[PDB]
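Chains as they are written, first to last, in the deposited numbering: chain BM, 65 to 128; chain BQ, 1 to 88; chain AD, 1 to 272; chain BW, 1 to 70; chain BH, 1 to 135. We treat Cβ as the ideally placed atom computed from N, Cα and C, and that holds for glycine. What follows is a set of notes on a single structure, which appears directly below.
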RNA sequence: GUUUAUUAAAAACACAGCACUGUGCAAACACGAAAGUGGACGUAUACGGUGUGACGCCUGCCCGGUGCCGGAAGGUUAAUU
RNA sequence: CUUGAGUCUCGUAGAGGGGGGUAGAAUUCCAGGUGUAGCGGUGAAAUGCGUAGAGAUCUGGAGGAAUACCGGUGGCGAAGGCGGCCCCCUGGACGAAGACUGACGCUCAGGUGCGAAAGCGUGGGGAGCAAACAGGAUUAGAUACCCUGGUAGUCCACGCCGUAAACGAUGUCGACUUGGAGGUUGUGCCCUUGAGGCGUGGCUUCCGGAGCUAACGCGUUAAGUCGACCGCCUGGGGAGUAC
């Protein structure tokens, strides 16, 4: 995914990158290694993962 | 919990003139002064059951100490109840 | 206050009434009563054009100040009365300079209070402010629709037009219709609700309440004949057309709005 | 929970341990389940329970010697 | 009395409304035999996340002691002030009203780190130097 | 309560409430040649109109066809250049 | 009389209760800026949502439940019970000296008062989730199992009978029976050198002796030695219903 997006934006004419991260999901490091392989520096791996002040009740999921 | 200068008025007017806090009349008057303070809260707040727990402590002990007092000196009882203007 | 029936007679079952000790138990001072009278639905032509309007009490009228303009001058709040011609209560304010008005009631009603104007003085109900100077979430009493046109928004008892934004150059306020508008900040309003806040537990409880309010009864459309209303039925009533008024406009539809003068201020409106 | 705290010398692999001090825990851990108000008081509070293993472990070192396993 | 540490902040453009209200509030406090043990203005400061728009607000730290009655008319008034965005009033227990931890940082802000601009002349007209319109 | 003046006086109709919807006030709506006036000089806890019919418990599926409101990116399009 | 209990002023900790005020982030939403095709869900999946420009992302506000971590073996309540932050009203408990009264005691049918949660009538309000209901998925029952939509509901004020797993499944209050140490607090003493030690109370928690238990387990917060008085039980199903 990281590589899909990084190719196209050369036409927008970008040359250096920073990243904002938002989630508990998979691809923690392996998405960053691929941004680095598009020839960009990635010194800033900035978490902004939003923690609401205990938001809306989530889907119950299983009946136990 | 009551103001030093009100607690001193109560002691002056109730019990003996020795100016004690321990006697039957003045303990009745002090219990009342907290009941009356509690009754300022219970002008609203009718569902307020954790404080009510205190109201039944203070009433019970004022009933117990008037009951004692008519068993004890009859002058003190007959004076106290009329001087503290209780009931109808 | 409000006074509610114990259901001690037929016709008294669900009946609620408006009472205040402050109402004059004489007849109000007739040199300040400027005559209502009602028109029983009939226009210039001698036809009923407002249908199922007709009957009831005469229901006299007071001018009401719904603009609330006064520089700094006290009011004794001489009596609070019921107005039989509108839902809100109306005070006689008697100002201490010798001026009497009728004025629409606020959430305030304190005796010897002053109806103020200007920024540092107003923070109580009924004391005027430009709407920019009133905090977010405030319920607010009686708003001028545009500056000097007078208080056309929130007039009935304890209703309110609650502020929901007030940043930028305008004020955003919500209406109980489901509409939400931006309104220019130069309009007057006040903190707190409109007076007679307990009105909202009213039930009427008898067909006679509406009769003295001058509201005549009204038939089902399907229980008229096809000739007397186009919705009217044949054999066994036959609701089974689409619903319409007696003059043919689809009553559970249509957007008819063509105001074209105030349409710039509404950034959303009520929807079906 | 790659964690905002910056790892000494920047790299494409975050040093996620050395970054975190008390993050994700309580805040981003209870994903997609019905939120209770007071349940933590009886569900979670097992501090008393873990204090027993720490005493037991400090006792047993002396005792393996006294058995001569040591 | 019981000690109430009221601190509050004010939106710049609506700030002109508060300088008349604070001086009636300090007079309601000393008028009841409570005290103003400092009345510190800190100047304008940057909010981290916006409150009621704008990323900046103007700070006043009162250091009140006052009777319970008096605090009942005041809290309802500062909370329903439009010029104030928010206020917080702190507990009686173990409470300071002297020797400010932020006294140096306040002076620094006032002297050197302020906006120094006309919208903040409106804020210096709302601090300790309060000026307010005639009614 | 209202009711085919008299052979239907009721089960129809009414009504509070209940649900739907139009209307932000120079209102929606109405009639009137149109000016205009009623609604209301009230105004959303207000007003017009629809179904059901106080009150305890409620109201399941669903627009196929038939009638009606509504919403939009845009190809063309009357009248028209 | 104090040896029980009650009480004054002094000092200390906290989410005990009731009612008010108030904000922003994420979901959600408006406005605006930018931008293209999937997004979403789960064991895995399909239903769902999307080109009318979704999803996402930057900026500011919106609305309403909720207020993360802080929230701890911590602390408060009588059992249930208590958590944004704050104020308004108010209980009960913990220490400590000086003083006071002097069995004023204990238990308690009936009893008045009083709800974790949802039920529930009317007014104010309502973002997300959800019984029901659809449809997917599973194994034939969304109403066994799993997911997505989606309604009453959840939320508040007041008002009606307080239910259960009301407890270390253990009533009350009180007398008596080797203690050490942790968590953590009033407080004498100490490189307060050690959330430690010793001096003495405090809840709270680990550990085990005398004793008790069918067994686990308890053990100074008893399930020990006892005291008085109360609540309540006498085979199961059918019945927490009948009457």
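Counterpart residues of residue 44 (chain BH) in DSSP-defined beta bridges: BH:58
Taking just the CA atoms, how far does residue 16 (chain AD) sit from residue 157 (chain AD)? 15 Å
Who are the neighbours of residue 40 (chain BW) on chain BM, taking C-beta pairs under 9 Å? Neighbours of residue 40 (chain BW) on chain BM: none; closest Cβ ~12 Å, over 9 Å.
Top-ranked residue by Cα proximity to residue 222 (chain AD), from AD:239, AD:214, AD:72 and AD:134: AD:239
Scan the segment 30 to 62 of chain BH for residues whose Cβ lies nearer than 9 Å to a Cβ of chain AD and list them as they occur along the chain. 52, 53 and 54
So residue 80 (chain BM) contacts chain BW; which residues on that side make the cut at Cβ distance below 7 Å? Near residue 80 (chain BM) there are no residues of chain BW at all, since even the closest Cβ is about 13 Å away, more than 7 Å.
is_contact[residue 92 (chain BM), chain BW] using C-beta, thresh 7 Å: yes
Beta-carbon within less than 7 Å of residue 88 (chain AD)'s beta-carbon, same chain only, minus the 5 sequence neighbours each way: which residues are those? 104, 105, 155, 156, 157, 194, 195 and 196
Hey, how far is the Cα of residue 229 (chain AD) from the Cα of residue 241 (chain AD)? 12 Å
Just to confirm, is the Cβ distance from residue 7 (chain BW) to residue 24 (chain BW) under 7 Å? no
Which residue marks the beginning of the beta strand (DSSP E) containing residue 172 (chain AD), and which one marks its end? 170 to 174
What is the DSSP secondary structure of residue 1 (chain BH), counted as helix, strand or coil? coil
Classify residue 31 (chain AD) as buried or exposed, calling it buried when 16 or more other Cβ atoms lie within 10 Å of its own Cβ. exposed
Please tell me whether residue 32 (chain BW) has its Cβ less than 7 Å away from any Cβ of chain BM. yes
Would residue 52 (chain BW) and residue 93 (chain BM) qualify as a contact pair, given that the criterion is a beta-carbon distance under 7 Å? no
Is there a C-beta anywhere in chain AD that falls below 7 Å from the one on residue 20 (chain BH)? yes
Can you tell me which of BH:26, BH:119, BH:14 and BH:53 puts its alpha carbon nearest to the alpha carbon of residue 73 (chain BH)? BH:26
Which residues in the same chain as residue 54 (chain AD) place their Cβ atom closer than 6 Å to its Cβ, once the five residues preceding and following it in sequence are excluded? 40, 41 and 216
Residue 10 (chain BQ) classed as buried or exposed, judged by whether at least 16 other C-beta atoms fall within 10 angstroms: buried
Using 7 Å as the threshold, is the C-beta distance between residue 192 (chain AD) and residue 231 (chain AD) below it? no
Per-residue contacts from residue 75 (chain BW) into chain BM (C-beta, under 8 Å): Since the first residue shown for chain BW is 1 and the last is 70, residue 75 (chain BW) is missing from the structure and cannot be characterised.
For the candidate residues AD:34, AD:57 and AD:112, whose alpha-carbon lies nearest to that of residue 213 (chain AD)? AD:57
Name the chain BW residues that come within less than 7 Å of residue 125 (chain BM), Cβ to Cβ? 32 and 33
Locate the beta strand (DSSP E) running through residue 90 (chain BH), then write down its first and last residues. 84 to 90
Could you give the C-beta distance for residue 43 (chain BH) and residue 128 (chain BH), rounded to a whole number, given that I count them as a contact under 8 Å? Not quite, the Cβ-Cβ distance comes to about 10 Å (not below 8 Å), so this is no contact.
For residue 73 (chain BQ), the three-state DSSP class (helix, strand or coil): coil
Going by C-alpha distance, which of BQ:81, BQ:47, BQ:78 and BQ:7 is nearest residue 34 (chain BQ)? BQ:7
Going straight from the alpha carbon of residue 92 (chain BH) to that of residue 130 (chain BH), what length do you get? 28 Å
Own chain partners of residue 164 (chain AD) with C-beta closer than 6 Å, once the 5 adjacent residues on each side are dropped: 172 and 174
So residue 133 (chain AD) contacts chain BH; which residues on that side make the cut at Cβ distance below 9 Å? 14, 17, 82 and 83
Could one say the Cβ of residue 88 (chain BM) lies closer than 7 Å to chain BW's Cβ atoms, at least one of them? yes
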